[PDB]
Structure formats: C-alpha cells, structure tokens
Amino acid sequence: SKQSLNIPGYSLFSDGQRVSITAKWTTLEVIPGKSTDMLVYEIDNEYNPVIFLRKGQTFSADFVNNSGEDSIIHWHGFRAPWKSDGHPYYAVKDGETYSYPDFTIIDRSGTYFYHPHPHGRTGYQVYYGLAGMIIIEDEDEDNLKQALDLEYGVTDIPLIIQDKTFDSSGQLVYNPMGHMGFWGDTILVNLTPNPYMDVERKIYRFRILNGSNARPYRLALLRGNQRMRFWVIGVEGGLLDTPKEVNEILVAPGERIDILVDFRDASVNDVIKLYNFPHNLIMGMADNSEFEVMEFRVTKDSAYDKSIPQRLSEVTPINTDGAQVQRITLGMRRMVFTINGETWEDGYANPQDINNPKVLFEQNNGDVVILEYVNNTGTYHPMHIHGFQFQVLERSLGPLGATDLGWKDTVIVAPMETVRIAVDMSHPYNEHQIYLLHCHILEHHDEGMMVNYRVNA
C-alpha cells in the first residue's frame, strides 16, 4: 500500500545563538511494521529537519558526535570559511563536539544540503541516515513566495530522493561492490517508501535533493503515458534568472533542482507519476532501469489563479576574460579513480600541518579560473567543489540544458566527456582557504577521489 509522503520538520536557526546538532543512532519505522536502526541529526527536538536560514544572518553551530566514529557536518553549497565548512581534517572523535566558528550566511536563496564528511566513511554515514535539507531565504525568495502563495510543507515541498536496501527484519544493507558506488533496490522520498502525495489543482514548488550515494535520476511527471510540463526555477546555487520549462530533469548526488508544477494542467482524480527514466550515464552494482519514484494524486480544485512569474532573480555572468585554465583529468590507476593521476591517499590524508596541506592547485582571492574536467573513465562523476558556486561554460557532448544553468556547485561529467566551468574565487575572509574538490559519488569520495585546493586571503 502506498504511504503518504512524510514532510520533514523544520528548524529556524537562531541568528547568532549557537545551535547544537547531535548525530546519534535511533530506531525508526521506515518500512511499515518493521524497525530500522538509523543515524539522525537531532536539532531543536527534530530529526533531520529542514534548516531555515536568512541570508545575512550569523550561522552559529555545534556538532555533537554520538555517531560511533569520527565525524563532522559539511554545509554543502555554503560559501563558508573552511574551518567552518566541515573539512575532514576537522572531524572530531566519537563522543566529542566541534564548535563551528561563526560566519555570516552570504549565499543566495535556495536549497542546500547538510551531511557528514569524515575521511573514508561519508558514504556509510549518509547512507545510514545523516542527511538533511537547508533552505536559505532572501528578498527574491520572499517575492517568489508571495507571488505564488508558497508555504513550506503545504505547497513548498522537499523531495529528498534516496535509494536503500533493507533486509527482512528492516535492517539496512550497505554492501557497495565494484566501482560504481552503492545502488539500492528501494526508492524513498523523505524516508518514505512507495509514497503518494495529495495535491490540489494549483502550483506547487518541489525541492528535489538527490541524497543517494551514487544513483542519478532522470525524472519526469507522467499523466498517463504523456509527459506533463514543469519548470526549473533553481539549482544548487539558487534561483535561475527566469523559469525554464522542461519535461525531464537529470539529478545526480549532490545536485538540487527546484521545480514548479502546475497541477491545473491535470484533472481532478488524475494520478501523476514522478517517474525515473534511464539515466544513460554509465565490476559494479549499477543499473540503468526505469521505475516509479512517487505519485501525486489530484484530489480537488482550488480557487488559485496565480501565474508563474516572468522573473525570479539576477544571475550575473562570470567574466572569463583572461581566465586561466586548470585541467582536471579523471582517470583510474589499478581499479581506483584518480584526479590528475592522484588520490587523497597520495599525500593529502595526513598533513603535518592541517593549515598548510598538500593542494592540487592554488589561487589568489578574486582569480577567475576555468576548471576543465576531462573524464577518461567509463562511468560518470558528479564533480563538486567546496567554497564557491560556479557557472557551467560548455560540455563536449552537447549543449547546456536547464539543470546546468544558473549558479551550480555539482556538475555531471559523463563518461569520456569534457566539461568547462568558470569559478569566480572571490571570498570575504581574511585568511587563506583550503577547499575540497571531489566526486560526489560517495564511495568514490571514500576511496579517495578528492583533493584540496587553495585560495589565498
């Protein structure tokens, strides 16, 4: 029987007062009638709530580690000073606390992602439950919410999509084999299996966050056999300039796509499938199958008469005049993935001085750099950088679609593809920054497909 979609609780992070976030084990009912032991972040008496922030506020956090092993939280998408970013060098032992130095939220409104980042164990800790959404608000978001009467949990809905495998008793199975990362046989949305959500004939906002270890989704909305239109309005780095109408989106681990859906396109009593088509991005456990993710049930009319806005935000093109190119070649050396022929374990893992570790490349504050990913392997890699968003300039396999527009922080690099992104490495901090660059297939990350880079003060 289909279950109604669970909606996460939320936490309004205090502006400047220190909030405790505890990682701990508990027992949850995920499969109806069975118990599953899972990790959770507990904040403000909620498990894995959506963290709400306002641009400009002070972000003041403590991580309390009861996860059973070294851990640290990373705020995926934040422009943060690197000692507050959740770099693995700062992971604290089990039972200890990490006090994040305060910083100001300077990111654009949109959907962000908090999750653990320990050396070699990130795939395990996300998989077993440590993952949640962040929503940052600013004036463009205020204006959009009023334009459309969007309300969190009512018409503004997180879709945290994840694949897991359960045994008979309900215990999770985490058995990565091969080099495609971990692939699960059960699709969950907000830890809800086989979900449905009742909707009215009006516009909803869905915040799709791929919280899976390795599996990408090619998502469409099926009204019978026909694809329904919908609109991309935001990506990892916030709102696009104006809405982009699509009939599918490709979403890899680490990517976030904000969409609007107008169920006035459907009729009362329609069942609309959020459906996964083959991603076509691929020793391994991967598949390329199609399957339903969840369904929307149109139960009721609404007096709703708002329109999709003509404009959302300003997105300023990066000026790449004179930018230097930094080639980043993805390869493999004896069944391990490499970045410019190296792994994390080739001199990055145990620096003598964590403030001055090995870096693959180094930039000055304000440099505009073009990173050119060259995937010389047979599997895709969703390449993510900490510290900055970026703009995708070009793909060798084709033109840019809606989910690569705007400000991004994770870019799919398909097998044998070359992708150029432009990074404006301007930051407001007064010390040099050590930021990660790595694959967001979490088993690749754990195996060392990760480097530091440096941006001076």
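Note that residue numbering begins at 1 and tracks the sequence as displayed.
> Are any deposited residues left out of the model between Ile282 and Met283, and how many (none, 1 to 3, 4 to 9, 10 or more)?
According to the record, 10 or more deposited residues lack coordinates from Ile282 to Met283.
> Do the CA atoms of 314-322 or those of 112-120 have the higher mean B-factor in the entry?
On average, C-alpha B-factors are higher across 314-322.
> If you take the mean CA temperature factor per stretch, which one wins between 397-405 and 46-54?
It is 397-405.
> Taking the Cα B-factors listed in the entry, which of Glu342, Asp163, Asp156, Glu245 comes out highest?
Of the options given, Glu342 has the highest CA B-factor in the PDB entry.
> For the C-alpha B-factor as written in the entry, point me to the maximum among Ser426, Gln389, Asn65, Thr36.
It is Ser426.
> Could you look up the Cα B-factor of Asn210 in the entry and say which third of the chain it sits in: lowest, middle or highest?
Lowest third of the chain for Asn210's C-alpha B-factor.
> What third of the chain does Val19 rank in for C-alpha temperature factor, lowest, middle or highest?
Within its chain, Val19 is a highest-third residue by C-alpha B-factor, going by the deposited values.
> Compare the C-alpha B factor of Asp353 with those of the other modelled residues in its chain, then answer lowest, middle or highest third.
Highest third of the chain for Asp353's C-alpha B-factor.
> Using the temperature factors of the C-alpha atoms in this entry, rank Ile136 within its chain: lowest, middle or highest third.
Its C-alpha B-factor belongs to the middle third of this chain's values.
> Based on the entry's values, in what third of the chain does the Cα temperature factor of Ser99 lie: lowest, middle or highest?
It belongs to the middle third of the chain when residues are ordered by C-alpha B-factor.
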